[PDB]
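Engineer:
There are 2 protein chains.
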Amino acid sequence: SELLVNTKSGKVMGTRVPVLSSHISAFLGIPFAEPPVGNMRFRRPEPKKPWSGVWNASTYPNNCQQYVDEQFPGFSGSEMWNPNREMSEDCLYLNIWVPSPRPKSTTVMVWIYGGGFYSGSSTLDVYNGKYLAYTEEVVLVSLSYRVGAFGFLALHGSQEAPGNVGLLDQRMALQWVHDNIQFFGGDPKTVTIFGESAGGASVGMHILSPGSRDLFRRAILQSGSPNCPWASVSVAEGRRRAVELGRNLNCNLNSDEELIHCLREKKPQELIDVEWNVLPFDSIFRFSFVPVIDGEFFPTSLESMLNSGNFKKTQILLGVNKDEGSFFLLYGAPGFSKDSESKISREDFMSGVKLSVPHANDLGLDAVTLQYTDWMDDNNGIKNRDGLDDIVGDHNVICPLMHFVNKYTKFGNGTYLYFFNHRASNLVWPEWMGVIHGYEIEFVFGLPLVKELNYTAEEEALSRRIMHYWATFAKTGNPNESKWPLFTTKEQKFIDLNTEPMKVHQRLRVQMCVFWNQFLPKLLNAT
Amino acid sequence: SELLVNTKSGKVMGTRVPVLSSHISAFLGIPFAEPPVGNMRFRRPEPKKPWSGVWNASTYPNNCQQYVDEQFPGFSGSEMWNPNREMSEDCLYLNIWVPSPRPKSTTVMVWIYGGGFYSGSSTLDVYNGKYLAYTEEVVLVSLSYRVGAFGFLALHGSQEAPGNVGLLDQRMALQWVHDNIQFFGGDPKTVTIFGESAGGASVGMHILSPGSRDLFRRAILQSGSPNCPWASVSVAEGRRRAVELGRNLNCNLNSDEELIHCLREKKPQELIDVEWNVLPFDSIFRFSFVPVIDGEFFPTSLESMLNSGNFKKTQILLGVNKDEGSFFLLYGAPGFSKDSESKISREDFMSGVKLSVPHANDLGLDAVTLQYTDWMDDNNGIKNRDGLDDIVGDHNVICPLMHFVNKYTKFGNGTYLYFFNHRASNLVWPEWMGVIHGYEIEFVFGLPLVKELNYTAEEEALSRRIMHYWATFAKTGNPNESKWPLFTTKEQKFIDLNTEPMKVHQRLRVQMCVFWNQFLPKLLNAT
Ligand SMILES: CC[N+](C)(C)c1cccc(O)c1
Ligand SMILES: CC[N+](C)(C)c1cccc(O)c1
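Line order of the protein sequences matches chains A and A'. A prime marks a further copy of an entry chain. Numbering (the deposited numbering) for the first sequence: 4 to 484, 490 to 535. Numbering (the deposited numbering) for the second sequence: 4 to 484, 490 to 535.
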């Protein structure tokens with residue numbers, strides 16, 4: 004039977020799932036590690052003990068314990084990102100969509116969900132690999148990793164809570180794909196890892212971590228790069244936030260051992276209830292428990308690794324959305340509200356930039372303000388709104404990503420850069436938010452093909468084109484079967505991804521990224 | 004006789020001069036002080052001892068000793084600015100153009116020549132007051148002042164060379180106009196002082212100096228404001244450059260007395276030969292001997308005087324030319340040459356900005372570069388050229404002027420701001436130089452009315468309009484008899505001055521002046 008698969012971990016029984024006018028196989032909820040519960044909480048993952056009998060892989064698994072967005076109760080714009088299955092510490096599982104008839108050796112695509120390292124679920128509707136698997140004849144794998152304190156609490160030096168274990172969770176699943184995907188028709192030598200936002204940063208981190216580079220071949224990074232200001236913290240900072248977390252739960256802070264012991268006694272929600280109280284600054288687009296630059300997973304600073312070529316050389320496909328900052332302003336900047344146009348006052352703007360660049364001194368804030376302010380119309384509410392959107396997007400996603408691609412492309416084997424600037428027609432988020440962070444995803448996963456979701460015809464076409472670009476790139480290292493140009497350090501070409509005839513541009517937001525990548529950093533160091 | 008005038012200094016005999024199809028009276032070369040020669044060199048001017056008999060005022064006087072521009076031998080673009088009469092330390096004289104029949108009590112206009120405080124002559128052809136006097140029925144006065152070391156050498160504390168004596172020379176002539184212009188048909192209570200570049204700065208300085216404010220009523224500032232980075236130095240700097248000058252002439256530097264004594268023995272050209280060797284930096288748009296903030300002429304810092312309203316409140320008419328920097332780049336920046344298009348390399352640009360902002364640290368230079376560089380086309384030679392033009396103009400003329408008008412307009416009685424962006428049709432300077440510093444002058448003085456100079460018809464009209472605007476403003480404090493709007497701190501309106509139908513704009517080069525007036529200064533102070 005096509006739904007019975009034998010693996011090195013045990014036999015697995017999938018389920019047949021309807022897709023468009025056909026069907027495909029799905030192996031949902033395969034364990035790839037031992038449940039990280041009890042005294043395993045905060046520990047590196049353990050390979051899953053082989054099992055006996057058939058593992059029922061017909062239904063989605065639990066989602067990892069995470070902060071649930073309740074900012075807009077019942078609103079689909081935000082609930083669609085929330086856990087849609089019971090939450091549990093026992094959440095290290097993977098899901099596989101396999102073409103029918105089962106392929107012999109086809110391209111494997113491994114999806115790594117984003118969500119600021121504090122949230123994320125592999126079971127979301129927008130992450131349903133069946134349309135992609137089915138349409139592009141790829142084996143689609145979606146993994147899960149521990150988020151929040153559970154996956155990123157870091158007490159560097161201790162082995163009970165070393166930090167980065169959520170990154171190790173990904174590694175482990177990658178390890179399991181490497182070792183068992185051939186039994187599902189997939190070629191373990193043509194495994195493309197792809198993710199968005201924290202998923203995209205995760206991808207880039209796997210590219211940099213020596214212990215991960217051999218587990219996959221190609222990488223796709225969506226609105227995320229490993230050097231994003233929010234993707235990692237120092238081990239000192241990781242430690243400070245861990246103590247602070249303990250402080251918030253009235254933990255003995257006399258030793259790591261006492262601290263960790265206290266944190267393992269706490270119920271999951273207790274850690275989640277106080278998770279946001281350990282940020283060091285009042286800010287937006289900053290998450291509490293993220294990857295730490297520990298000297299293990301990451302041998303040295305990401306920047307020295309990027310400068311010295313210390314990373315896996317391969318082909319990479321990456322890009323950004325036009326309005327990456329909008330979502331974060333909405334949830335944490337004053338003056339923004341879902342149901343208004345969010346025209347922003349100069350007073351609100353100034354406080355907005357302060358939240359956006361939390362580490363800057365006043366001079367830094369002044370440099371940002373000068374750079375993003377139209378001084379010929381500094382009271383324009385639309386312009387202040389939009390300028391703020393760009394500030395948040397440019398600094399947190401686009402410029403860090405642009406720095407990454409420029410460092411990467413010096414040593415890599417092929418860089419393909421996109422700019423997704425298409426606003427879905429059926430978007431429920433206010434128009435001012437633009438082409439929102441995370442909204443390329445439904446296009447990558449082919450949601451626009453299911454008519455009942457009401458996308459336009461042109462949007463179906465764009466999805467098909469993006470899916471084909473992504474699958475083709477995973478298969479051969481080149482998106483192309490007009491042409492999506494190679495990104496080179498000299499020409500810096502990139503393409504637009506929208507319902508209009510693709511256009512080729514150069515130097516994505518140069519002016520601003522020179523400001524964020526070269527000038528601001530120099531400013532803050534000088535002062 | 005209409006050419007014989009009796010004054011409190013003695014009788015003066017003018018000459019009848021043809022003007023267009025008529026004539027007017029001219030009193031050329033009236034002494035307004037004792038010749039500042041011999042041991043008077045560097046000293047404050049002395050009122051001219053009354054004379055007996057008729058003073059022959061039929062021919063232009065000598066020009067003050069000054070650096071002669073020999074950079075383009077025989078080229079009129081630059082020779083027209085050079086002394087056109089014997090040069091002499093005996094150069095404190097004034098010239099008066101009076102309508103015929105001699106008026107009874109008309110508006111007086113006193114022209115103060117610019118030239119970086121190192122050069123300048125009242126006798127230039129472009130400064131011929133006959134067309135203005137004649138056309139607008141104003142009494143036109145042109146004065147002279149000591150330039151270079153002779154008028155601005157400053158050994159603060161010494162009385163032999165106190166500094167600012169070239170400013171006192173202007174004051175003295177203003178004093179003489181005050182006291183004797185009624186005998187020429189002029190109203191000493193409706194004296195408008197106007198000047199360009201260093202002349203414009205001089206005007207603004209007279210507005211600030213307590214000892215000068217009562218000598219005139221209204222002021223016109225052309226491409227110059229008292230707070231320009233090159234218009235004054237500290238007394239310490241004034242002292243350092245004086246010693247350095249002495250050092251260059253092998254003067255005893257043991258005391259001011261010895262130093263000054265040595266400098267008075269030197270022949271004029273000896274001081275001029277080494278004048279540029281005392282600048283402290285490699286730079287453009289910086290002159291050696293300029294006004295010093297001494298505590299006398301200028302009670303406190305210009306900025307505290309500007310902030311506290313410590314200045315004469317009246318009506319002011321001021322403005323800038325579109326390409327104020329072009330002239331200086333041509334003479335001191337690498338890559339610029341008269342006969343080429345001066346496309347500028349990124350290497351030359353970078354060295355250009357360094358010459359332009361001599362006091363900035365590398366971070367400052369980076370801030371300037373970031374601000375004026377099109378990073379989407381950073382190798383464009385035209386763009387680098389033009390960007391440099393703007394850098395020099397914005398920093399030395401336009402933004403200091405904009406800061407002045409904004410401080411002034413808080414306390415003054417009427418600010419009128421123009422932007423002269425008309426390139427004369429018969430200009431001999433290369434096209435890339437644009438609307439060059441100093442080229443509004445021929446329009447203000449009505450040269451375009453003399454057909455043999457070959458201006459266009461539209462240029463005749465523009466001259467007439469500018470002359471009428473200037474004369475009308477001097478007469479009533481308002482340029483208007490469409491309308492040249494009042495400049496207000498809230499609306500910041502200004503007008504264009506060109507052969508096209510005047511247009512009203514707002515906030516002249518805001519973006520850049522916030523950079524020069526607020527951000528850069530904050531940057532350099534922080535660092
Ligand atoms: C846009 C929503 N999504 C779940 C993808 C999300 C949430 C938090 C941070 C992110 O960067 C992205
Ligand atoms: C443009 C020529 N002109 C004599 C007016 C001149 C010379 C030196 C410095 C100036 O600002 C202006």
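By construction, the Cβ of each residue, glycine as well, lies at the ideal position given by its N, Cα and C atoms.
#1: Nearest-angstrom Cα distance between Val168(A') and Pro232(A')?
#2: My output table needs one value for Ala363(A'): the three-state DSSP class, helix, strand or coil.
#3: Grouping DSSP H, G and I as helix and E and B as strand, with all else coil, what is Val194(A')?
#4: Out of curiosity, what's the CA-to-CA distance linking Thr110(A') and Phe414(A')?
#5: Taking its Cβ as the centre, do 16 or more other Cβ atoms sit within 10 Å of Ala239(A'), making it buried, or is it exposed?
#6: Could you check whether the Cβ of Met405(A) sits closer than 8 Å to any Cβ belonging to chain A'?
#7: Give me the Cα-Cα distance between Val8(A') and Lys14(A'), rounded to the nearest whole angstrom.
#8: In chain A, what lies closer than 8 Å to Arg515(A') by C-beta?
#9: Taking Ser25(A') as part of the beta strand (DSSP E), name the residues at either end of that continuous run.
#10: Counting only beta-carbon separations shorter than 8 Å, does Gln519(A) have a partner in chain A'?
#11: Since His440(A') and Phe330(A') should fall inside the 8 Å C-beta cutoff, what is the C-beta to C-beta distance between them, to a whole number of angstroms?
#12: To which residues does DSSP link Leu320(A) through a beta bridge?
#13: Taking DSSP as the reference, what is the three-state secondary structure of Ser428(A')?
#14: Grouping DSSP H, G and I as helix and E and B as strand, with all else coil, what is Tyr96(A)?
#15: Along the chain, where does the beta strand (DSSP E) containing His513(A) start, and where does it finish?
#16: Is the beta carbon of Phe330(A) within less than 7 Å of some heavy atom of ligand 1?
#17: Let me make sure I understand the geometry here. Which of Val194(A), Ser61(A), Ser91(A) has the alpha-carbon closest to that of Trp114(A)?
#18: Decide yes or no for the touch test of the region 118 to 135 of chain A against the region 19 to 30 of chain A: beta carbon pairs closer than 8 Å, at least 3 of them.
#19: Quick one: list the residues of chain A' neighbouring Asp369(A), beta-carbon separation under 7 Å, in chain order.
#20: Between which residues of its own chain and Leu450(A) is the CB-CB distance below 6 Å, once the five residues before and five after are set aside?
#21: Which first and last residues belong to the alpha helix (DSSP H) in which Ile287(A) is found?
#22: Sorry if obvious, but does the Cβ on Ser235(A') come closer than 7 Å to a heavy atom of ligand 2?
#23: Could you tell me whether the Cβ atoms of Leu452(A) and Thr507(A) are closer together than 8 Å?
#24: Nearest-angstrom Cα distance between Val293(A) and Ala460(A)?
#25: Just to confirm, does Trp524(A') get its C-beta within under 7 Å of one of the non-hydrogen atoms of ligand 2?
#26: Could you give the residue range of the alpha helix (DSSP H) that holds residue 486(A')?
#27: Within the 8 Å Cβ cut-off, does residue 487(A) reach chain A'?
#28: Under 8 Å between the Cβ atoms of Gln74(A) and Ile275(A)?
#29: May I have the straight-line CA-CA distance separating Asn481(A) from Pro213(A), to the nearest angstrom?
#30: Can you tell me the Cβ-Cβ gap for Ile263(A') and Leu158(A'), rounded? I've got them flagged as a contact below 8 Å.
#31: State yes or no: is the beta carbon of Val522(A) nearer than 8 Å to at least one beta carbon in chain A'?
#32: Where does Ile444(A') sit, in a helix, a strand or coil, going by DSSP?
#33: Which residue comes first and which comes last in the alpha helix (DSSP H) that contains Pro213(A)?
#34: Let's see if you can read the secondary structure: which residues bound the beta strand (DSSP E) around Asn65(A)?
#35: I'd like the list of long-range same chain contacts for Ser428(A'), defined as Cβ closer than 7 Å, with 5 residues on each side in sequence excluded.
#36: Listing by chain order, which chain A' residues have their CB less than 7 Å from the CB of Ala363(A)?
Structural biologist: According to the structure data:
#1: 20 Å
#2: coil
#3: strand
#4: 24 Å
#5: exposed
#6: no
#7: 6 Å
#8: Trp378, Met379
#9: 25 to 34
#10: yes
#11: 5 Å
#12: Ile223(A), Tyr419(A)
#13: coil
#14: strand
#15: 512 to 514
#16: yes
#17: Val194(A)
#18: yes
#19: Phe527, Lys530
#20: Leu456
#21: First-last for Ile287(A): undefined, no H or E at that position.
#22: no
#23: no
#24: 40 Å
#25: no
#26: One cannot assign coordinates to residue 486(A'), given that chain A' in this structure leaps from 484 to 490.
#27: Examination of chain A shows a numbering gap from 484 to 490; residue 487(A) is inside it and therefore has no coordinates.
#28: no
#29: 24 Å
#30: 6 Å
#31: yes
#32: helix
#33: 213 to 216
#34: That residue, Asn65(A), is in no beta strand (DSSP E); it is neither H nor E in DSSP.
#35: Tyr458, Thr459, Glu462
#36: Within 7 Å Cβ-Cβ: nothing; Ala363(A) doesn't reach chain A', min ~12 Å.
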